[PDB]
Number of protein chains: 2
Amino acid sequence: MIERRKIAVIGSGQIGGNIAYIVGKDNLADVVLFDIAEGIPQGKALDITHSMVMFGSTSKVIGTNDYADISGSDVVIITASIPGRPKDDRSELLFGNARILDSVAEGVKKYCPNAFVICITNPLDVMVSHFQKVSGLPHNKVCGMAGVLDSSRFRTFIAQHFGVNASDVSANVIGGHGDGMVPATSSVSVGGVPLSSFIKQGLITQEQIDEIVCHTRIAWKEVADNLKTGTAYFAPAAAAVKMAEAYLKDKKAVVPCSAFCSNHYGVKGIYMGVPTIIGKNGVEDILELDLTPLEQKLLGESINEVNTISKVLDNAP
Amino acid sequence: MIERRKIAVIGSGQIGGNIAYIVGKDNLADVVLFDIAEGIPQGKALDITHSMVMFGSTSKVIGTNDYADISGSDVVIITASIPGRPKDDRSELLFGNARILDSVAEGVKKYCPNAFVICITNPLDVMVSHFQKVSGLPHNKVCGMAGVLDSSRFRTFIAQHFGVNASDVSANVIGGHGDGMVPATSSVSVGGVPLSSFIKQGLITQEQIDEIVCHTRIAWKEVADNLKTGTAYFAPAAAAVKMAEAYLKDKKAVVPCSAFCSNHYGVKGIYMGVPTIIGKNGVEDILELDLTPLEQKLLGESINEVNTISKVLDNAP
Ligand SMILES: NC(=O)c1ccc[n+]([C@@H]2O[C@H](COP(=O)([O-])OP(=O)(O)OC[C@H]3O[C@@H](n4cnc5c(N)ncnc54)[C@H](O)[C@@H]3O)[C@@H](O)[C@H]2O)c1
Ligand SMILES: NC(=O)c1ccc[n+]([C@@H]2O[C@H](COP(=O)([O-])OP(=O)(O)OC[C@H]3O[C@@H](n4cnc5c(N)ncnc54)[C@H](O)[C@@H]3O)[C@@H](O)[C@H]2O)c1
């Protein structure tokens with residue numbers, strides 16, 4: 001008995017609304033846009049419902065403040081967060097967003113415990129870890145969106161240098177979504193050609209690569225300082241939809257994201273950004289990148305950042 | 001010589017950003033987001049650029065505040081407007097927006113006078129007329145977006161009543177984008193079946209049709225009262241992309257928009273909501289709907305309100 005796919009978006013602010021809009025435009029699923037703020041999800045859903053006939057989609061998009069409406073959701077995307085952009089570090093939202101997730105975790109557990117959950121709420125790696133702990137869902141059914149956005153940014157910057165289509169740049173960012181993220185230049189390729197080759201050829205300099213690595217690392221502040229009123233939300237929404245697609249269409253897509261890693265990268269059971277294979281059973285596998293010693297070390301420092309914020313959360317007021 | 005298609009969005013608020021996002025996602029053209037507000041267009045353009053590789057698009061999107069950047073634009077879409085949502089009417093903002101439009105007209109006149117210009121700035125029909133006058137562009141290359149958004153709502157509401165895909169509802173809303181808009185119920189068909197027939201089959205009462213007509217004219221308020229921030233912006237951005245598409249792909253598509261009508265509907269040269277044929281030469285034709293005496297009267301009232309407010313603006317100091 002064919003049933004329409006259903007995605008619940010918890011939090012209907014900037015990112016949440018664009019997720020709804022893109023999912024409906026692609027006719028990927030019906031969408032349930034959930035928020036505790038009166039009127040916001042309802043009006044965004046009505047406005048998006050009107051664009052449906054324009055896109056040729058028959059997806060249904062409704063607004064709600066009732067967890068009961070997310071029952072049967074195949075995928076839950078969590079964007080809910082306290083207000084205001086982080087001033088210097090995504091960690092500043094730690095205390096407030098962990099409380100919100102406790103609440104979202106109760107709604108999920110009761111209305112759609114078999115859903116694939118994708119967290120977006122910052123500080124990402126720690127929020128995903130917190131969510132999985134308080135909700136009790138299987139590790140492979142809970143992951144965080146970050147890698148796809150960090151890697152799209154790294155691929156884009158590399159592509160803008162060489163003047164080529166970014167889809168032809170292969171490049172991963174691993175580790176937690178924060179200042180210590182590791183854009184792995186060691187395995188970047190452009191049409192099959194490694195960066196070491198472009199250096200010999202004289203078409204890119206190590207300094208140029210270094211600037212790309214840095215740009216990647218603090219790209220969030222560049223966008224946030226220009227928007228003034230908030231942080232990025234167009235690409236983070238497209239990234240969440242790519243992850244939801246991988247699950248709903250059982251793609252076996254290789255997706256860098258925050259996933260529970262306990263056997264690769266020399267860690268034994270932590271959520272962090274790694275290349276995963278996503279399909280109908282959620283995170284189905286993690287791939288082992290070939291890191292240089294210097295990279296294995298920068299990863300090591302990333303992991304410590306994650307552990308530190310995490311201990312801080314464990315000792316919250 | 002193949003050149004990339006180029007679309008300038010004048011005004012990067014709620015609607016402009018969404019238009020950039022969609023156009024980019026569909027790889028329909030490169031996008032220039034123009035705003036005089038500091039940082040907004042650069043920030044949205046940068047965030048959207050990061051999402052191009054996720055959508056598999058090579059569209060380039062940049063933000064600027066220099067009209068010289070819109071030169072060579074094949075289409076210009078105008079969303080520039082002074083702050084604050086309409087209270088009861090999209091009219092109140094008349095002078096400020098006409099002032100704003102004067103700048104854009106000089107901008108377009110200098111940098112890309114061969115562009116197809118689509119206005120969205122309210123009060124729509126007057127704004128469009130004003131833009132064409134002061135810019136001097138061919139009448140058939142200047143029009144306003146309203147009908148697509150109104151007809152989409154009208155189709156959506158008819159489709160919800162019958163429980164069928166809105167894409168299979170054929171329906172037009174003509175006249176001014178105001179309370180004086182005319183949802184032409186006599187032009188309604190659902191898979192070939194007319195409302196009279198559904199009437200006789202007892203599948204819809206006249207009361208229900210009336211309520212649908214009313215829902216259409218006041219639908220914008222319903223969205224605005226829920227957003228508590230401004231007016232609808234997801235569906236109006238999509239409607240403008242559909243208009244840009246008919247132009248760029250030379251579709252010869254039926255697009256209900258605000259065009260220079262001068263030998264149909266009993267008017268001799270005014271800008272109003274009518275069913276046009278858009279292709280690579282802009283508005284290439286206007287179709288003549290089979291209106292009932294009542295609708296002819298209703299359109300009548302609508303037509304006066306345009307000229308009325310149009311004179312209020314022809315004077316001023
Ligand atoms: N993972 C990443 O790559 C990434 C990238 C960009 C932004 N973000 C983060 O995603 C989050 C959302 O960003 P945004 O711009 O959409 O924020 P926003 O402020 O625009 O939206 C957050 C929404 O959460 C709603 N909300 C609040 N408390 C809630 C609750 N208890 N239950 C349900 N909804 C609730 C709000 O009412 C609001 O509409 C932030 O934490 C931001 O830092 C993450
Ligand atoms: N035609 C319709 O169907 C329809 C439907 C919905 C909304 N609208 C109207 O569309 C317009 C835009 O709506 P919105 O929600 O995007 O508004 P918005 O306030 O979010 O954006 C308007 C943008 O105009 C910019 N701006 C101001 N002065 C400018 C100038 N001189 N040059 C360039 N940019 C300038 C602002 O800085 C802002 O970014 C309004 O007039 C709104 O009422 C029309």
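Sequence lines set the chain letters: A, B, ... in the order given, protein chains first and strands last, and positions in each chain run from 1. Worth knowing before you read on, the calculation uses all heavy atoms, side chains too, and leaves out hydrogens, waters and symmetry mates. Counting convention: from 1, in listed order, for ligands and their atoms alike.
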Which N or O atoms of ligand 2 sit under 3.5 Å from a protein N or O, and how far apart is each pair?
residue: ligand 2; atom: 1 (N); partner: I120(B); partner atom: O; Å: 3.2
residue: ligand 2; atom: 1 (N); partner: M145(B); partner atom: O; Å: 3.0
residue: ligand 2; atom: 3 (O); partner: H177(B); partner atom: NE2; Å: 3.0
residue: ligand 2; atom: 16 (O); partner: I15(B); partner atom: N; Å: 3.1
residue: ligand 2; atom: 20 (O); partner: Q14(B); partner atom: N; Å: 3.1
residue: ligand 2; atom: 24 (O); partner: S81(B); partner atom: N; Å: 3.2
residue: ligand 2; atom: 24 (O); partner: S81(B); partner atom: O; Å: 3.3
residue: ligand 2; atom: 37 (O); partner: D35(B); partner atom: OD1; Å: 2.6
residue: ligand 2; atom: 37 (O); partner: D35(B); partner atom: OD2; Å: 3.3
residue: ligand 2; atom: 39 (O); partner: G13(B); partner atom: N; Å: 3.2
residue: ligand 2; atom: 39 (O); partner: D35(B); partner atom: OD2; Å: 2.5
residue: ligand 2; atom: 41 (O); partner: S81(B); partner atom: OG; Å: 3.3
residue: ligand 2; atom: 41 (O); partner: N122(B); partner atom: N; Å: 3.0
residue: ligand 2; atom: 43 (O); partner: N122(B); partner atom: OD1; Å: 3.4

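- More than 12 heavy atoms of other residues, nucleotides or ligands lie within 6.0 Å of NZ in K221(A), so this atom counts as buried by the packing criterion.
- Of the inter-residue distances, the one linking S12(B) atom OG with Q42(B) atom CD reads 8.0 Å to the nearest 0.5 angstrom.
- Relative to the ring axis of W220(B), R90(B) places its NZ or CZ within 45° and under 6.0 Å from the centre.
- To the nearest 0.5 angstrom, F116(B) atom CZ is 4.5 Å from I278(B) atom CD1.
- A 6.0 Å sphere centred on NZ of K87(B) holds no more than 12 heavy atoms belonging to other residues, nucleotides or ligands.
- Considering all non-hydrogen atoms of both residues, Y271(B) and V306(B) come closest at O-CG1, 3.8 Å.
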